[PDB]
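The structure appears below as structure tokens.
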Amino acid sequence: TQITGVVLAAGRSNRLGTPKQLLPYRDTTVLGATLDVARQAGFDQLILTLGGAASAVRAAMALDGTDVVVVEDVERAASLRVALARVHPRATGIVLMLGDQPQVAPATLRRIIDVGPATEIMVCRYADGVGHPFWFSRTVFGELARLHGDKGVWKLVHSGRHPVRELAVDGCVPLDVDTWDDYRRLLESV
């Protein structure tokens, strides 16, 4: 097998004032808990993208086993384009995860890994809409590499130009963690 996961962790933390990647969560950090889950899922390769907090994250975390990709501020796309350059040629696609969503269950990752490769694009259907993890087939890599500005991944998984398949998952769309109120809500869970 060659199963490749990408975890994007390049978001800026202007609203927080400290890297969201490094916020405490359980006994680890927000990003750490996401990487712990992903490592449980049985990926053969894991690619992590980092942004302006790369220095801070690199100096604070053990990133052994991860292919780490560092990008410079594009103002929000370039993280993914450069992550793809690291993908193993024998991978038939990527599972895409966000670094600030540590609440995704490993069993949801094993499901998308199992059935995802028979789709061009797969998203998860939660009770309250569409969310990560996504699957993208290698046939969409070129398109992913051409994303820019507002024409990003989110808009792509909503396009009728590709056959986007859905995986039904119990629960709610993972909490994105950009504000302090988002973090508080995350800590108030489980």
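Chain lettering (A, B, ...) mirrors the order of the structure tokens, residue numbering begins at 1 for each chain separately, and ligand numbering begins at 1 in order of display.
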
Need the shell around residue 154 in chain A: protein/DNA/RNA residues with any atom at most 10 Å away, counting only C-alpha atoms. Skip same-chain ones fewer than 6 positions apart. Format as a list in words?
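After dropping sequence-adjacent residues, the list is residues 130, 131, 132 and 134 of chain A.
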
With N, CA and C atoms kept, could you save the residues just selected as a tab-separated table (two decimals), in the first residue's frame?
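Result saved to out-v4.tsv:
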chain	number	residue	atom	x	y	z
A	130	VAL	N	-21.05	19.56	5.17
A	130	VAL	CA	-19.83	18.99	4.60
A	130	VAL	C	-18.59	19.45	5.36
A	131	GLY	N	-17.68	18.51	5.62
A	131	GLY	CA	-16.42	18.83	6.28
A	131	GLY	C	-15.31	17.84	5.99
A	132	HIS	N	-14.12	18.13	6.54
A	132	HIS	CA	-12.95	17.31	6.41
A	132	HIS	C	-13.17	16.03	7.21
A	134	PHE	N	-11.07	15.32	3.52
A	134	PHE	CA	-11.35	15.14	2.11
A	134	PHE	C	-10.44	14.06	1.53

Identify, on the basis of only C-alpha atoms, every residue whose closest approach to residue 5 in chain A does not exceed 12 Å; exclude the query and any residue fewer than 4 positions from it along the same chain; express the result as a PyMOL selection string.
chain A and resi 34-35+37-49+66-67+80+83-84+86-88+91-99+109-110+112-113+133-137

Residues just named, written with C-alpha atoms as a tab-separated table (two decimals), in the first residue's frame:
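Resulting contents of result-v6.tsv:
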chain	number	residue	atom	x	y	z
A	34	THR	CA	-4.27	16.02	15.01
A	35	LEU	CA	-0.96	14.35	14.12
A	37	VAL	CA	-4.87	10.76	15.29
A	38	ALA	CA	-3.46	10.71	11.72
A	39	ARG	CA	-0.61	8.41	12.82
A	40	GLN	CA	-3.20	5.99	14.22
A	41	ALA	CA	-5.01	5.85	10.86
A	42	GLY	CA	-2.38	3.89	8.91
A	43	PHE	CA	-0.98	6.40	6.45
A	44	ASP	CA	2.23	5.29	4.75
A	45	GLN	CA	3.26	8.93	4.34
A	46	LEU	CA	2.28	12.13	6.18
A	47	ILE	CA	2.97	15.58	4.85
A	48	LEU	CA	2.67	18.58	7.14
A	49	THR	CA	2.52	22.13	5.80
A	66	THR	CA	6.49	13.68	8.90
A	67	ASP	CA	7.53	15.31	5.60
A	80	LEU	CA	-1.06	22.40	-0.99
A	83	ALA	CA	2.76	19.53	-0.35
A	84	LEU	CA	1.80	17.69	-3.57
A	86	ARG	CA	6.23	15.59	-1.77
A	87	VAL	CA	3.53	12.97	-2.53
A	88	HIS	CA	4.90	9.48	-3.31
A	91	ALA	CA	0.02	7.06	-3.99
A	92	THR	CA	-3.24	7.16	-5.93
A	93	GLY	CA	-4.33	10.33	-4.08
A	94	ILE	CA	-4.27	12.22	-0.77
A	95	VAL	CA	-6.38	12.38	2.39
A	96	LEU	CA	-6.54	16.07	3.31
A	97	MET	CA	-6.77	17.15	6.95
A	98	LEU	CA	-6.61	20.50	8.76
A	99	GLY	CA	-4.13	21.05	11.60
A	109	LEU	CA	-9.85	8.31	8.66
A	110	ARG	CA	-9.78	4.54	8.14
A	112	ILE	CA	-12.08	7.42	3.87
A	113	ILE	CA	-8.77	5.57	3.33
A	133	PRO	CA	-11.34	14.86	5.89
A	134	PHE	CA	-11.35	15.14	2.11
A	135	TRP	CA	-10.03	12.58	-0.39
A	136	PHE	CA	-8.53	13.75	-3.69
A	137	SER	CA	-7.56	11.36	-6.46

Which residues, written as a count of residues only, have at least one atom at most 12 Å from residue 126 in chain A, with only C-alpha atoms counted and residues fewer than 4 positions away on the same chain left out?
15

Near residue 61 in chain A, within 12 Å and counting only C-alpha atoms, which residues show up once chain neighbours fewer than 2 positions away are dropped, as a short mmCIF file (atom, residue, chain, number, x, y, z; two decimals) with C-alpha atoms, in the first residue's frame?
data_model
loop_
_atom_site.label_atom_id
_atom_site.label_comp_id
_atom_site.auth_asym_id
_atom_site.auth_seq_id
_atom_site.Cartn_x
_atom_site.Cartn_y
_atom_site.Cartn_z
CA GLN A 21 -0.77 24.98 16.36
CA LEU A 22 0.71 25.18 19.84
CA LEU A 23 -2.38 25.82 21.97
CA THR A 28 -0.31 17.81 23.93
CA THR A 29 -0.96 20.68 21.51
CA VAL A 30 -3.83 21.27 19.03
CA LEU A 31 -1.58 20.26 16.08
CA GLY A 32 -0.03 17.38 18.05
CA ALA A 33 -3.42 15.80 18.74
CA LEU A 35 -0.96 14.35 14.12
CA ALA A 53 4.79 29.97 12.76
CA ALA A 54 6.99 27.25 11.25
CA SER A 55 9.96 28.28 13.42
CA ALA A 56 7.81 28.29 16.58
CA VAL A 57 6.22 24.90 15.76
CA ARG A 58 9.52 23.29 14.66
CA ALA A 59 11.25 24.39 17.89
CA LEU A 63 8.03 16.11 13.91
CA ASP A 64 9.75 12.76 13.36
CA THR A 66 6.49 13.68 8.90
CA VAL A 68 7.43 18.95 6.62
#

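The closest residue to residue 15 in chain A, picked from A:189, A:179, A:139, A:159 and counting only C-alpha atoms, is A:179.
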
Mind listing the helix (DSSP H, G or I) residues of chain A, per DSSP on the backbone, as a PyMOL selection string?
chain A and resi 20-22+30-40+54-58+78-84+106-118+138-144+153-156+180-187

From a DSSP calculation on the backbone, collect every residue of range 11-190 of chain A in strand (DSSP E) and output the set as a compact mmCIF listing (two decimals) with C-alpha atoms, in the first residue's frame.
# COMPACT_ATOMS: atom_id res chain seq x y z
CA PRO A 24 -2.64 23.24 24.79
CA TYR A 25 -4.98 20.34 24.16
CA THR A 28 -0.31 17.81 23.93
CA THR A 29 -0.96 20.68 21.51
CA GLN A 45 3.26 8.93 4.34
CA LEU A 46 2.28 12.13 6.18
CA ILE A 47 2.97 15.58 4.85
CA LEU A 48 2.67 18.58 7.14
CA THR A 49 2.52 22.13 5.80
CA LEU A 50 3.63 25.05 7.97
CA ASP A 67 7.53 15.31 5.60
CA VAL A 68 7.43 18.95 6.62
CA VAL A 69 6.72 21.62 4.01
CA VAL A 70 7.27 25.30 4.83
CA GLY A 93 -4.33 10.33 -4.08
CA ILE A 94 -4.27 12.22 -0.77
CA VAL A 95 -6.38 12.38 2.39
CA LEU A 96 -6.54 16.07 3.31
CA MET A 97 -6.77 17.15 6.95
CA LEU A 98 -6.61 20.50 8.76
CA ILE A 121 -13.14 13.49 -4.76
CA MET A 122 -14.69 12.52 -1.43
CA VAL A 123 -15.94 14.72 1.40
CA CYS A 124 -17.56 13.89 4.73
CA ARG A 125 -21.29 14.50 5.28
CA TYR A 126 -21.93 15.36 8.93
CA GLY A 129 -23.03 19.79 6.50
CA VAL A 130 -19.83 18.99 4.60
CA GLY A 131 -16.42 18.83 6.28
CA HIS A 132 -12.95 17.31 6.41
CA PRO A 133 -11.34 14.86 5.89
CA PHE A 134 -11.35 15.14 2.11
CA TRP A 135 -10.03 12.58 -0.39
CA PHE A 136 -8.53 13.75 -3.69
CA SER A 137 -7.56 11.36 -6.46
CA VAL A 164 -17.86 14.51 -5.55
CA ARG A 165 -18.78 11.53 -3.35
CA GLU A 166 -19.87 11.79 0.27
CA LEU A 167 -18.98 9.68 3.31
CA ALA A 168 -21.69 9.72 5.98

In Å, how far is it from CA of residue 145 in chain A to CA of residue 107 in chain A?
28.6 Å
